[PDB]
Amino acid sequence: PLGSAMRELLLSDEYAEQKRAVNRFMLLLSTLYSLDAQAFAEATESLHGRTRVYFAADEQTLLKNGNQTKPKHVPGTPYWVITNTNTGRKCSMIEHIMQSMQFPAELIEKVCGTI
């Protein structure tokens, strides 16, 4: 059901249209949220750095728990995510979320490679 939407996303025109890791990163998130805004929330409450906070309803909250985190507003959602990270960390975040929303590792790996 959800796996379908994601798989459709990677093939979508606008996904292929994003030109940078971040944009693709945002889109995956935006999409994972609209899929199950509920499950997304739970997967989210359990995702954070060793000192940095990753997602938060307000920006200052990200601005308050780390230095030069690049808070960006996840379009379509009530969440903000940090952006000062390498593609490896981005996949790690996506990976953490999808795992929570219990996705097939196969597809999960498929997504990261597109980031």
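Start at 1 with the first residue shown and count on from there.
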Higher avg CA temperature factor (58-66 vs 34-42, as deposited) belongs to 34-42
For 8-16 versus 21-29, entry-based mean Cα B-factors point to 8-16
Sorting the chain's modelled residues by C-alpha B-factor and splitting them into thirds places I82 in the lowest
Chain thirds by Cα B factor, record data; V53 belongs to the lowest
The third of the chain into which the C-alpha temperature factor of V111 falls is the middle
